[PDB]
Amino acid sequence: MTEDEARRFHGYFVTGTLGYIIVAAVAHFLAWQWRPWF
Amino acid sequence: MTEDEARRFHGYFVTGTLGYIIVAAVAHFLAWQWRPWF
Amino acid sequence: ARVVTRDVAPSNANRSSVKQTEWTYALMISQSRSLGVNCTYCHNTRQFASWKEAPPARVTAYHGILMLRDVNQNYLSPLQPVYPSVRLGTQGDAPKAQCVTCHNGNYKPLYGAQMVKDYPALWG
Amino acid sequence: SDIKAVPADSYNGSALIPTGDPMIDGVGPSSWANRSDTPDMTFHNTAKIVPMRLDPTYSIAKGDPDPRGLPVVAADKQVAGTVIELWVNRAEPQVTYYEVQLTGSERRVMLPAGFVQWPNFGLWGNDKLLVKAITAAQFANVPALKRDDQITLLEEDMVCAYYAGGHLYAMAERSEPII
Amino acid sequence: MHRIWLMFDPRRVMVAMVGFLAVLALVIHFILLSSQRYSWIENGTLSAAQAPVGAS
Amino acid sequence: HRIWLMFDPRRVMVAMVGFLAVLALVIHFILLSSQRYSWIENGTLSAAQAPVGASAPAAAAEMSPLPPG
Amino acid sequence: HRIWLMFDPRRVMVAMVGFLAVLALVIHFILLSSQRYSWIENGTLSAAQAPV
Amino acid sequence: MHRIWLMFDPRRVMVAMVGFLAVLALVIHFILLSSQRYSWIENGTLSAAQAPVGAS
Amino acid sequence: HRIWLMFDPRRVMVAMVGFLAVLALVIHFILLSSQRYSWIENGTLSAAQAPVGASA
Amino acid sequence: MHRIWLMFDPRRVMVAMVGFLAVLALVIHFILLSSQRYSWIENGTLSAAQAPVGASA
Amino acid sequence: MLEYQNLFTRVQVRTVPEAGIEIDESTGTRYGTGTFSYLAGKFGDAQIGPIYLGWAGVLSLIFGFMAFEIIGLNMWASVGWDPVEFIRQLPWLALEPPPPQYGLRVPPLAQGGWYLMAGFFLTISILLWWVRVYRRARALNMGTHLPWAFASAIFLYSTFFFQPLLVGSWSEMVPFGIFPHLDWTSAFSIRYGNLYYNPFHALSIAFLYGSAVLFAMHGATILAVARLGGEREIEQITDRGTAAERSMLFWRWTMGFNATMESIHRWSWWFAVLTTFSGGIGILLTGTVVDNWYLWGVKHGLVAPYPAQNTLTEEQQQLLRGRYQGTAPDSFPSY
Amino acid sequence: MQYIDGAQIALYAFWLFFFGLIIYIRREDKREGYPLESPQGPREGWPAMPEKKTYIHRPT
Amino acid sequence: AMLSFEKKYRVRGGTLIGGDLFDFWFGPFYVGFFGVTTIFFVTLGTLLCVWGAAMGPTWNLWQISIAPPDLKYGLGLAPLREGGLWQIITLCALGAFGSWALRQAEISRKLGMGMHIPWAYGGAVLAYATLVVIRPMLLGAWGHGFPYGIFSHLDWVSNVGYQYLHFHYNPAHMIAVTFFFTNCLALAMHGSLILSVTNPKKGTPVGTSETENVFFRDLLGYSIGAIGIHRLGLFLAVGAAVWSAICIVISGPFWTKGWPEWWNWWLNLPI
Ligand SMILES: CCCCCCCCCCCCCC(=O)OC[C@H](COP(=O)(O)OCC(O)COP(=O)(O)OC[C@@H](COC(=O)CCCCCCCCCCCCC)OC(=O)CCCCCCCCCCCCC)OC(=O)CCCCCCCCCCCCC
Ligand SMILES: CCCCCCCCCCCCCC(=O)OC[C@H](COP(=O)(O)OCC(O)COP(=O)(O)OC[C@@H](COC(=O)CCCCCCCCCCCCC)OC(=O)CCCCCCCCCCCCC)OC(=O)CCCCCCCCCCCCC
Ligand code: BCL
Ligand code: BCL
Ligand SMILES: CC[C@H]1c2cc3[nH]c4c(c3C)C(=O)[C@H](C(=O)OC)c4c3nc(cc4[nH]c(cc(n2)[C@@H]1C)c(C(C)=O)c4C)[C@@H](C)[C@@H]3CCC(=O)OC/C=C(\C)CCC[C@H](C)CCC[C@H](C)CCCC(C)C
Ligand SMILES: COC(C)(C)C/C=C/C(C)=C/C=C/C(C=O)=C/C=C/C(C)=C/C=C/C=C(C)/C=C/C=C(\C)CC/C=C(C)/C=C/C=C(\C)C(=O)O
Ligand SMILES: COC(C)(C)C/C=C/C(C)=C/C=C/C(C=O)=C/C=C/C(C)=C/C=C/C=C(C)/C=C/C=C(\C)CC/C=C(C)/C=C/C=C(\C)C(=O)O
Ligand SMILES: COC(C)(C)C/C=C/C(C)=C/C=C/C(C=O)=C/C=C/C(C)=C/C=C/C=C(C)/C=C/C=C(\C)CC/C=C(C)/C=C/C=C(\C)C(=O)O
Ligand SMILES: COC(C)(C)C/C=C/C(C)=C/C=C/C(C=O)=C/C=C/C(C)=C/C=C/C=C(C)/C=C/C=C(\C)CC/C=C(C)/C=C/C=C(\C)C(=O)O
Ligand SMILES: COC(C)(C)C/C=C/C(C)=C/C=C/C(C)=C/C=C/C(C)=C/C=C\C=C(C)\C=C\C=C(C)\C=C\C=C(C)\C=C\CC(C)(C)OC
Ligand code: HEC
Ligand SMILES: [Fe+3]
């Protein structure tokens, strides 16, 4: 792995991380409407 | 590891550490608003 | 004090815990030590809940428990307001009796000595 | 008839009686397997069992007797020679063989460490080696090696088999019932 | 930021992260299942006002 | 900084992350077992209704049969 | 400073961090198990209402 | 009297000394903590007159 | 002073400090386990008020 | 598309699936046999109306 | 006198310590250089060599030490922080599970919360250690037999979590304590009607004794042919010598059948694994499928008859009836 | 059903697994010294001797 | 039928009793004088076990029980109905177990082997002899032995264990259990270790002795020897049986009260 290879992997990783967090944010908001925990 | 490599790691480590502590301080502010412990 | 299920399959009829079994185990350890005997004096330990496989003494032992509940509740405990403070416990209750009060570590009290037969005022 | 043994009688399941001297012909407890005629190698393609004189990084741990120059008492209670060099296992550091020079020298033989016992189980004075498997005379018929610095698995089996076979063939009494 | 992948192998980090997330998700789901308020398999049809609440 | 010359960052990061993981799990678990901060069951209560001063070593009965499952 | 020649700083600081972490955990645990300083439940009480 | 540092290694003495002192300090602190008179976590605010005394 | 030629001072010092330290802890712990000399609790009592064992 | 058999050995795969299918079939049959509604060895002659039903709450 | 029994080593060699076969060191490394123990070399190998530490090992140590600290601190608090009582009563001290009435809900911290937290950390530590064992095996290009042998023991360990969850209460869990976990063992056998009549329990007994028998037999066999070179089992497996032949022949003449130098280790592996596997199955079936193993054994013809030791009249049958155990009295009555 | 219960089913599944395992291990036991020599000819018990197994050695 | 390398090993000599009369092989088995003695005791003991089953109420394998005599017979030979049959079977078992050990010594002598196997087997025989000979003699009756039945002898173990109200608190029993548990763990480790080297990751060469020692040093920081593991396995397995014999022989002959009460000595140390 070179520095350019690390750059290319990092772009996919942050997008996959961001997509995971966003979908979890929708799941938490759906659960809040159903049964709020606060 | 060279001295320059240690310098580059230290800058990211310090910024990441302090930023993590600030995020935890905001979480403690939100918890205090909800149910204070003192 | 029963903790053993009378079925092959579990049901809601018995929901005893392991902790309650430990409690019964401690109580029966005390009972065994109060008479100088072991488990097998009253049980076939292959099935603790069986009375047919157990020696007759178990029946006797059960009656002892009942007798204690009649001696402690109706005679020893109500004597609370009569004793001086030095005779009571830290909660201010009257002294109570157990199996070792009569048995003192023997299968029979005083090794089965018979005395009350010569004292008609003592047997009702 | 390539095993040099004959059945006792004509009933099947009967035991074989060796024809010659079973120590050398390799019969019964003196039998050896036809292993490979190549030396065993360590993890780095070097001879596994070598004499100490080929590797001076090996030594004897403190508090352990140096068996070199010590007499070798055989089953006759007669000295059969003197230990002069140790053969060690380099894969797992341990003494594997002792090299014994005979009383009238003129030859050197190997002695596996498994047949070596020390006096008083090695608790009191360790001034000699006990070899209960072989007699002082049969030390001269131990098979030799092709080289003076490495030992192949084929000969390794032969030396061990020869010594182990002498618990039944060293003397006529050892192959007889006690009662 | 991307230089973290030179210090740490992405193959090892990704496998460890997936194992950590899978265990965390199972633990949180199981904790909610074992509780009274969020045992959704049995009482998931109750409204928010009907759901159990811990004692004051 | 010269501390990373003495300690390999690869080795320290794993120990640091593991320590934070254990500490965060310990605190979240302690709060879950308390009466005042058992947020999964009582998170909807206001600050006035939340339990106070409930150390109570024998807060609950120790000996009982299992619930009717 | 000459102590750092006698003792390896790497091993000293690892043993120092480990010792202090255990000590901090032990003290925080003792206070949590006590009645007066069970701050998770008692924290909002004033000093006069704290157990003695 | 400085010659003992040639008989005994100073580095090994300091480690053994610190280890023994740390263990001793913990034992004394915890012996007092478990006593009625010197709990000091529960009863530290009591005056010396109010502190418990063993029975005569 | 000729004992130190027959006996090695280094191991004698270690065995002497080890034995005395263990013996001191045993005596201190035996007294702490008794009633008359449980000084952590009853150390403020006078000699007249200190407990005395059972008599004949 | 048959090139999947060039990535997984047909002989090993079909033995694994035959074994897994047999275990699954036995597990399902034995779970039904242990139930109240589908203990067909004993109550298989009952009509659908007479078959046991779990408690309604 | 007696021959050399190959029980101890009198002459030990010393060389430079084995650093170790080169392995990938990106996520871990070897610590120490390798020392020699004179006492250990008498019995086995003398080298107290370097130990490998990586991600899984460090995380496992952290989690396991957290669990150990929680257990020890709760034990110490249970005696009032007395160090003398802590050492004196250490076998009897415990970290107890939650009360039964809480079911699977979170207990109070002083009444079972610490127990669940310590159990969680111990489980995480055990799983991380399994990962470490797997990585250590595959770093040296070895087969993964030890990881699955360890997984069997982990399965038995995890039945102590799954059975209480299947019956529906954390109170049924094993307390952390030397004498208390034996108390739990006894009470668990009593509660479910004489675990001797659990068939998988008997199977695990059979495999435990079989493990002892197999190790005694294999150890004696290898020590008996160690003078022929039998302790070098890899060589006797890839190139069968006279030691392997003599072992095979001894056991064939004694028993009528034998194993090889390789397959005897398969026997050993499977006996040791089946011990914990059958034990875990037996624990899983208890309290969920069968509630009284003696009555199950009577059902399936396992219980031998004895003459009756007592008989009861009908009024005795009604009177000797008892009550199932309930809650403890929360009041002190005045009579 | 009534007489058949889960413990019995699990026990018999374990019995089948154990018998299969014993067959496999007995097959592995016959990788050295086989086939047997008898006056009547070659002999193999049940299970039959498996195929020849070859190892792999490091290059020199 | 013989193994392909077996013929050259089948030689005379090595027996302790007898000559060429008892120096033959019956099939794969070697028959010595103690082979003949083994068959006599095995046949007599098994036939008397079958007779005991026929005297009892059932032919069910799990429920067959041949029980020892009553305690009132006190080291005598009871009537065969009343437990005397158990005593006869016990003598046959002792003779068969002893003959089996001596037959094993003859076989190892013929093969030029050590005597480890007979002595390792003697640990199991010692435990059995303690259960039915030594402890009953110390207690004064043969009726203290365990019955001969698959599940009947489990009932004896349960009741005897509860004769001391908690058998887990027996100090020798605690040690013996540790020996059994450690032996099983060590056997799993040893079996895995040999198999992992001999059957390595697919496509890689078979490992060496260095691979084992390196692996266990990487995992645990210490690697016992190739001979060390076999010494340890012998010690753990045999020591488990020896500590088992101690644990049962001290219950009754030496300690009669409950085992929890034995720990008074630890609680009453002067410190
Ligand atoms: C709950 C958690 C518990 C606790 C946790 C339990 C977990 C599971 C454990 C299962 C047993 C493991 C035994 C063992 O030795 O493991 C170490 C081995 C290491 O292998 P490796 O490191 O990957 O590589 C080493 C390998 O090269 C050599 O391995 P070794 O020889 O030592 O043993 C592996 C195999 C033997 O290998 C061969 O036979 C291959 C030889 C060449 C091909 C053979 C000819 C072609 C055949 C084609 C048709 C055949 C194709 C398969 O040994 C085994 O796998 C064990 C065999 C004995 C056990 C089974 C006996 C029969 C049982 C059924 C009886 C039914 C009734 C009659 O690791 C493995 O994974 C081995 C491969 C296992 C294959 C079977 C997997 C079954 C999974 C079942 C569940 C799957 C999800 C539903
Ligand atoms: C889990 C899967 C695997 C499960 C299975 C695991 C198996 C493990 C073992 C593997 C091998 C098994 C095969 C085997 O042993 O074969 C031996 C023999 C072939 O032998 P051979 O090679 O031809 O014999 C060589 C050699 O001995 C030649 O000597 P010779 O031919 O002169 O034989 C002389 C012997 C035999 O003469 C006899 O009278 C002995 C008869 C023994 C059987 C009948 C017993 C009842 C009558 C008793 C006699 C009555 C008066 C004549 O003479 C001897 O003295 C030889 C030694 C005998 C034992 C020592 C002396 C004892 C004296 C005291 C006790 C006396 C009896 C109470 O071949 C066969 O017998 C063929 C059949 C093999 C399969 C077994 C069949 C069993 C059927 C009945 C099953 C009953 C189940 C409950
Ligand atoms: C209350 C439950 C019901 C019932 C409900 C069902 C239902 C519903 C189904 C079955 C199925 C099957 N049941 Mg059922 N079954 C009952 C009672 C029985 C009894 C009995 C003693 O009473 C028996 C012996 C069977 C036996 C069977 C098998 C014939 C079959 C599963 C095959 C298999 O192993 O696939 C797993 C096997 C493998 C993975 C490997 C082997 C594959 C081979 C090819 C199987 C051949 C079987 C058959 C001929 C399939 C056609 C193959 C093609 C011709 C190539 N059932 C009761 C009355 N049973 C299933 C089925 O497939 O039926 C056809 C199914 O869907
Ligand atoms: C009165 C008591 C009961 C009884 C109750 C039980 C109960 C209850 C159980 C057993 C079980 C077992 N019993 Mg039983 N048992 C009795 C009588 C006997 C007798 C006898 C002489 O009569 C014998 C020989 C046995 C023997 C056995 C074993 C075969 C079996 C355990 C296997 C094993 O390896 O466990 C030891 C192995 C493990 C626990 C595996 C897991 C180990 C883990 C991975 C270790 C992690 C350690 C960690 C890293 C370090 C410590 C960390 C700190 C804690 C912080 N029992 C009687 C009838 N027995 C078990 C079983 O399987 O039953 C079916 C079981 O649960
Ligand atoms: C085949 C079944 C048998 C089995 C198998 C088995 N066990 C195994 C393995 C295998 C095949 C492994 O590979 C694995 C292993 O690595 O063994 C060396 C393991 C293992 N079996 C273990 C134990 C074990 N096995 C047991 C049983 C058995 N193991 C079965 C009989 C038992 C019993 C009888 O109860 C125990 C206790 C471990 C040695 C090990 C798994 C190690 C593990 O998971 O560790 C996790 C790490 C921690 C919990 C951290 C602990 C931290 C310390 C407690 C604190 C230290 C503080 C201070 C520095 C020192 C304090 C000293 C005091 C603690 C003394
Ligand atoms: C119940 O009470 C208790 C439980 C106790 C309470 C406690 C709660 C606690 C403490 C929670 C902790 C939460 C936590 C910790 O920080 C949570 C942290 C969460 C995080 C960070 C999640 C991150 C997820 C990231 C994902 C999914 C990324 C996926 C990326 C992908 C898929 C990229 C694919 C593309 C590639 C690979 C490119 C190909 C290769 C190419 C091109 C190449 O090579 O070129
Ligand atoms: C009962 O109650 C109880 C529970 C007991 C009470 C509790 C009490 C206790 C004892 C609490 C303890 C608290 C504690 C202890 O000190 C708390 C200490 C906390 C600490 C220190 C937190 C530090 C966090 C640091 C972080 C997150 C850093 C992240 C760094 C990042 C992201 C940068 C890395 C990326 C790089 C470098 C990429 C460039 C690479 C480059 C360029 C390259 O590679 O080249
Ligand atoms: C019921 O209660 C129970 C308990 C049962 C009843 C009990 C009963 C029993 C059995 C009691 C036994 C008591 C006992 C036995 O005799 C007690 C014996 C006590 C003794 C002997 C004590 C001696 C102590 C001496 C010490 C500490 C000396 C230290 C010396 C130092 C520090 C100086 C060294 C420094 C040097 C030299 C530097 C110069 C170096 C130089 C020049 C150089 O480097 O060269
Ligand atoms: C119920 O049972 C119960 C109640 C228990 C009842 C049972 C009771 C029983 C059985 C009692 C038995 C008692 C007993 C048996 O006889 C007791 C026997 C006691 C004896 C023999 C004690 C001997 C002590 C000797 C001493 C202290 C010697 C000191 C020597 C010194 C100091 C000189 C050192 C010189 C050195 C080092 C070098 C100088 C030379 C130099 C330098 C040079 O040479 O240069
Ligand atoms: C000064 O000294 C200090 C205090 C600093 C350190 C000293 C410590 C000492 C002396 C410690 C002593 C420890 C001892 C003696 C421990 C004894 C342990 C024994 C004998 C244990 C035996 C058995 C225990 C078992 C089998 C426990 C099993 C527990 C399990 C499987 C628990 C699982 C729990 C889980 C998975 C929890 C999950 C949490 C959630 C919330 C997800 O579910 C409830
Ligand atoms: C005679 C004095 C006995 C001794 C000795 C032992 N037990 Fe017992 N047992 C006895 C009685 C009278 C009862 C019933 C008491 C009641 O209030 O109902 C019992 C009961 C048990 C049980 C519960 C059985 C059930 O069906 O759940 C158990 C598990 C038990 N006993 C065990 C036990 C143990 C472990 C003993 C020695 C420590 C022991 N028993 C001795 C009478 C007597
Ligand atoms: Fe082996």
Side-chain angles (χ1 to χ4, degrees), chain G residues 6, chain H residues 1-21 24 27, chain I residues 1-39 51-54, chain J residues 2 4-5 8-54, chain K residues 84 87-88, chain L residues 1-6 8-9 12-13 16-17 20, chain M residues 265-271:
Chain G
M6 168 138 32
Chain H
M1 71 276 216
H2 55 65
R3 256 169 272 280
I4 201 91
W5 298 127
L6 323 157
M7 186 140 26
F8 295 97
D9 179 29
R11 194 228 191 93
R12 264 177 101 200
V13 169
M14 293 312 270
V15 161
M17 206 204 48
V18 158
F20 164 81
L21 288 187
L24 185 66
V27 169
Chain I
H1 51 52
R2 301 178 190 177
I3 311 77
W4 310 125
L5 311 145
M6 162 142 192
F7 282 99
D8 176 31
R10 201 280 217 181
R11 277 153 82 260
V12 162
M13 272 318 78
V14 152
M16 209 198 42
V17 168
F19 169 80
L20 289 177
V22 166
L23 185 55
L25 284 164
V26 163
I27 307 196
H28 270 100
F29 273 131
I30 280 161
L31 297 162
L32 197 61
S33 193
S34 77
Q35 319 293 147
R36 181 169 173 82
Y37 291 101
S38 212
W39 76 91
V52 189
Chain J
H2 58 178
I4 173 81
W5 297 128
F8 298 90
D9 181 23
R11 157 129 37 90
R12 263 177 83 280
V13 161
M14 97 191 327
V15 151
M17 71 141 45
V18 159
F20 161 83
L21 251 41
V23 165
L24 183 62
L26 287 163
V27 161
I28 302 188
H29 275 89
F30 270 122
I31 285 166
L32 292 170
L33 197 56
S34 295
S35 77
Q36 285 294 105
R37 180 167 170 86
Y38 291 102
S39 211
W40 76 91
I41 297 301
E42 312 279 13
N43 72 3
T45 41
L46 298 178
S47 62
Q50 306 160 267
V53 189
Chain K
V84 181
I87 302 328
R88 177 172 102 110
Chain L
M1 331 164 254
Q2 165 87 324
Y3 184 79
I4 300 284
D5 51 65
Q8 198 195 5
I9 300 157
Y12 280 112
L16 270 310
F17 166 83
Chain M
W265 77 268
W266 169 263
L267 294 167
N268 303 346
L269 289 183
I271 42 163

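Both counts, for ligands and for their atoms, begin at 1 and track the order of listing. For the numbers below, each heavy atom of this structure counts, side chains included, while hydrogens, waters and symmetry mates do not. We name chains A, B, ... by the order of the sequence lines, and we start the count at 1 in each one.
A donor-acceptor pair under 3.5 Å is formed between the side chain of I:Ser34 and the backbone N or O of I:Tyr37. For the pair M:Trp266 (side chain) and K:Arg88 (backbone), a donor-acceptor distance under 3.5 Å is present. Proximity of a side-chain donor or acceptor of J:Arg37 to a complementary backbone N or O of J:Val53 within less than 3.5 Å is not detected.
Nearest to atom 14 (Mg) of ligand 3 by heavy atom, out of J:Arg37, J:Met14, J:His29, is J:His29. When the options H:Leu6, I:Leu23, I:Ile27, H:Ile4 are ranked by their closest heavy atom to atom 11 (C) of ligand 8, first place goes to I:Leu23.
Residue, atom and distance of the protein heavy atom nearest to atom 1 (C) of ligand 8 are I:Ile30 CD1, 4.6 Å. Closest to atom 39 (C) of ligand 9, if we only count protein heavy atoms, is I:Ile3 CG1, 4.8 Å. Distance from atom 38 (C) of ligand 9 to its nearest protein heavy atom, with residue and atom name: I:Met6 SD, 4.3 Å. Closest protein heavy atom to atom 22 (O) of ligand 3: J:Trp40 NE1, 3.0 Å. The shortest contact between atom 2 (C) of ligand 3 and any protein heavy atom is with J:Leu32 CD1, 3.7 Å. For atom 15 (C) of ligand 8, the closest heavy atom belonging to the protein is I:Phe19 CE2, 4.3 Å. Protein heavy atom in closest approach to atom 41 (C) of ligand 8: H:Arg3 CB, 3.9 Å. Among protein heavy atoms, the minimum distance from atom 32 (C) of ligand 3 is reached at J:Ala25 CB, 4.7 Å.
Looking at heavy atoms from C-beta onward, L:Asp5 lies in side-chain contact with L:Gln8 at the 4.5 angstrom threshold. When side chains are defined from C-beta on, I:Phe7 does not count as touching I:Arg2, because their heavy atoms never get closer than 4.5 Å. Residues I:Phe29 and H:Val27 meet the side-chain proximity criterion, which asks for heavy atoms closer than 4.5 Å. Between J:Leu32 and J:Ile28, the closest side-chain pair of non-hydrogen atoms falls below 4.5 Å.
Less than 4.0 angstrom separates some heavy atom of J:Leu21 from each of these atoms of ligand 3: 36 (C), 37 (C), 38 (C), 39 (C). When each atom of ligand 3 is checked for a heavy atom of J:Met17 under 4.0 Å away, the hits are 39 (C). The atoms of ligand 8 that sit less than 4.0 Å from any heavy atom of I:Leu20 are 19 (C), 20 (C), 22 (C), 23 (C), 24 (C), 27 (C). Close contacts of ligand 9 with I:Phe7, meaning ligand atoms under 4.0 Å from a residue heavy atom, involve 37 (C). Per-residue contacts place I:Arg2 under 4.0 angstrom from the following atoms of ligand 9 (heavy atoms of the residue considered): 42 (C).
There is no protein heavy atom closer than 4.0 angstrom to atom 6 (C) of ligand 8. For atom 51 (C) of ligand 3, the protein comes within 4.0 Å by no heavy atom at all. Protein non-hydrogen atoms do reach within 4.0 Å of atom 44 (O) of ligand 8. Distance check on atom 28 (C) of ligand 8: some protein heavy atom falls below the 4.0 Å cut-off. Less than 4.0 angstrom separates atom 19 (C) of ligand 9 from none of the non-hydrogen atoms of the protein. Proximity of atom 10 (C) of ligand 3 to the protein is indicated by at least one non-hydrogen atom lying closer than 4.0 angstrom. For atom 24 (C) of ligand 8, a protein heavy-atom neighbour is found at a distance under 4.0 Å. Checking atom 25 (C) of ligand 3 against the protein gives a heavy-atom contact under 4.0 Å. At a distance under 4.0 Å, no protein heavy atom can be found next to atom 7 (C) of ligand 3. When distances from atom 43 (C) of ligand 3 to the protein are checked, no heavy atom turns up under 4.0 Å. Distance screen at 4.0 Å: atom 9 (C) of ligand 9 has no protein heavy-atom neighbour inside the cut-off. Under the 4.0 Å distance rule, the nearest protein heavy atom to atom 58 (C) of ligand 3 falls inside the cut-off. The nearest protein heavy atom to atom 34 (O) of ligand 3 is closer than 4.0 Å. There is a protein heavy atom less than 4.0 angstrom from atom 18 (C) of ligand 3.
Taking CG of I:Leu32 as the start and OG of I:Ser38 as the end, the distance is 5.0 Å to the nearest 0.5 Å.
A heavy-atom separation below 4.0 Å is found between I:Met16 and ligand 8.
Among all heavy-atom pairs drawn from L:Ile9 and J:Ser34, the shortest one is CD1-OG, 4.3 Å. Taking every heavy atom of both residues into account, J:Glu42 and L:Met1 meet most closely at OE2-SD, 3.6 Å. For the residue pair I:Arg10 and H:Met7, the shortest heavy atom distance occurs at CG-O, 4.1 Å. Nearest heavy-atom pair across J:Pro52 and J:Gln36 is CG-O, 3.4 Å.
Checking J:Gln50 against J:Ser47 by side-chain atom types alone, a donor-acceptor pair falls below 3.5 Å.
Heavy-atom contacts from other residues, nucleotides or ligands closer than 6.0 Å to CE of J:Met17 number 12 or fewer.
The proximity of J:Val18 to ligand 3, defined as any non-hydrogen pair under 4.0 Å, involves the side chain as well as the backbone.
Between J:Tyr38 and ligand 3, not a single N/O pair is under 3.5 Å apart.
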